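Novice:
Number of protein chains: 2
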Amino acid sequence: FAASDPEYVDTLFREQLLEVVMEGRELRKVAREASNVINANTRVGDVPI
Amino acid sequence: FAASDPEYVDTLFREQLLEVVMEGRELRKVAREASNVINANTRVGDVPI
Ligand SMILES: [Mg+2]
Ligand SMILES: [Mg+2]
Numbered sequence: 101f102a103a104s105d106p107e108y109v110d111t112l113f114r115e116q117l118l119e120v121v122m123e124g125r126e127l128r129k130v131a132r133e134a135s136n137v138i139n140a141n142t143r144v145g146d147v148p149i
Numbered sequence: 101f102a103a104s105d106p107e108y109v110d111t112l113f114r115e116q117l118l119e120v121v122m123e124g125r126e127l128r129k130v131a132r133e134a135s136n137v138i139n140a141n142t143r144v145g146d147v148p149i
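Chains A and B are the protein sequences, given in the same order.
Reading the first sequence from the start, the letters are residues 101 to 149 in the UniProt record's numbering.
Reading the second sequence from the start, the letters are residues 101 to 149 in the UniProt record's numbering.
(1) Would you report the Cα separation of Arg143/B and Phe101/A, rounded to the nearest angstrom?
(2) Run the Cβ filter for me: residues under 7 Å from any heavy atom of ligand 1, listed in the order they occur in the chain.
(3) Does the distance from the CB of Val121/A to the CB of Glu115/A come in under 8 Å?
(4) Need the endpoints of the alpha helix (DSSP H) that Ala131/B sits in, please.
(5) Tell whether a beta-carbon distance below 8 Å holds between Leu112/A and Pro148/B.
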């Protein structure tokens, strides 16, 4: 009837797609706080104890 | 023979190569003048009528 969005839902405009994508399951990021972090200069090395 | 150009055609001189490359078949290109060009934001779309 008249002109309503249920008729022209793909004709006069598009349904919004939100610019934000909502996350999947996110696993808990802790390691950087939960341990001492060493920025190594080498892939292999040893720490003195 | 004595000294003839078909003997020394690749030894005393080199055959002429004409500097103009001759064009092949050129098709008639008109669509851009002969229609309305829509620069689209998507591959698949719709136009309202
Ligand atoms: Mg070691
Ligand atoms: Mg469509």
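Cβ atoms here follow ideal geometry from the backbone N, Cα and C, with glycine treated the same way.
Specialist: Reading off the structure:
(1) Cα to Cα, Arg143/B sits roughly 32 Å from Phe101/A.
(2) Working through the chain, the matches are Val144/A, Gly145/A and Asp146/A.
(3) No, Cβ-Cβ distance for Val121/A and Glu115/A is not below 8 Å.
(4) Where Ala131/B is concerned, there is no enclosing alpha helix (DSSP H), given that its DSSP letter is neither H nor E.
(5) For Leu112/A and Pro148/B, yes; Cβs fall inside 8 Å.
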